[PDB]
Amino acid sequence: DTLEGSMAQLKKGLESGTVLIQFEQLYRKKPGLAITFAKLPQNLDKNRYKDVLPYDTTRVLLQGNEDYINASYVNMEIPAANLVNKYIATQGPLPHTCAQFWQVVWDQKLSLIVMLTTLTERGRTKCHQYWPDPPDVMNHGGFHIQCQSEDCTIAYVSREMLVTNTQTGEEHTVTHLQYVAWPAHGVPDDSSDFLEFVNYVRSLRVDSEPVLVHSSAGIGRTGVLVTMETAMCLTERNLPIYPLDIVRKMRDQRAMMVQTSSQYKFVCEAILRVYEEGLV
């Protein structure tokens, strides 16, 4: 089909109820994909949530290092545009997984981290603070981390971080965006702030470099962000958008991406809004 046609069907299906029914029918975890490493005794407490685990096939491995991390490669292709948007989707680090988190960032010289959670919710810790408050310097697994800049906007905090390899003396800079106006299991507090943030993240991509995206579990709010970026690329290229195909494609790489029906409805509505705003 076409962008126009897909948007007609999405509009109609939003009004029907059919897009939500097909969403609830979709598997959360792809049947047949092995999940073994994540459940080993030495790895169980490296998962923030017992039921949010990486598939073996797309699990991120540390270079020449056997340590496990709960993280998944997630790549979204737009073949008609010879385009692949790469991500590493991961959980909020735990105190004892900060070393592995920063090792992924170092291994792959990732320049952009997108964090879609506050540190705490309702008196409980949802992500370890794996960076230091400026101007402190923090050690994690033989990386020193310092926050060189910290600036708050409405909806998010932008930090520039310096990662130093203690073994080698090498340095790497990372941009870190913490979206703080988006509670777990919910929709963003403001749709317009969210859309602007997504387009800002797009603009900060480095060629063929994955964006590291995480939340607390790294599936709900991350899935929404990924869905939206994908849809923005498609809409700008006049290509059809099937949100269910996009969610399925993510879930073939990391189970459970896009947690709630309310999140799926939100992103479908936002996709329609962007198409219509942009339509000439």
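Start at 1 with the first residue shown and count on from there.
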16 to 24 versus 256 to 264 - which carries the larger mean C-alpha B factor in the record: 16 to 24
Stretch exceeding the other in mean C-alpha B-factor - 105 to 113, 80 to 88: 80 to 88
Selection from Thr118, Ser192, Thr166, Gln129 [criterion: highest C-alpha temperature factor in the record]: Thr166
Residue with maximal Cα B-factor (values as given in the PDB entry) among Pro54, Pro243, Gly32, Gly220: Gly32
Among modelled residues of the same chain, the CA temperature factor third for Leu61: middle
Relative C-alpha B-factor of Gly123, binned into the chain's lowest, middle or highest third: highest
Assigned third (lowest, middle, highest) for the C-alpha B factor of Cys152: highest
Ranked against its chain, the third holding the CA B-factor of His176: lowest
Third of chain Cα B-factors occupied by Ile145: highest
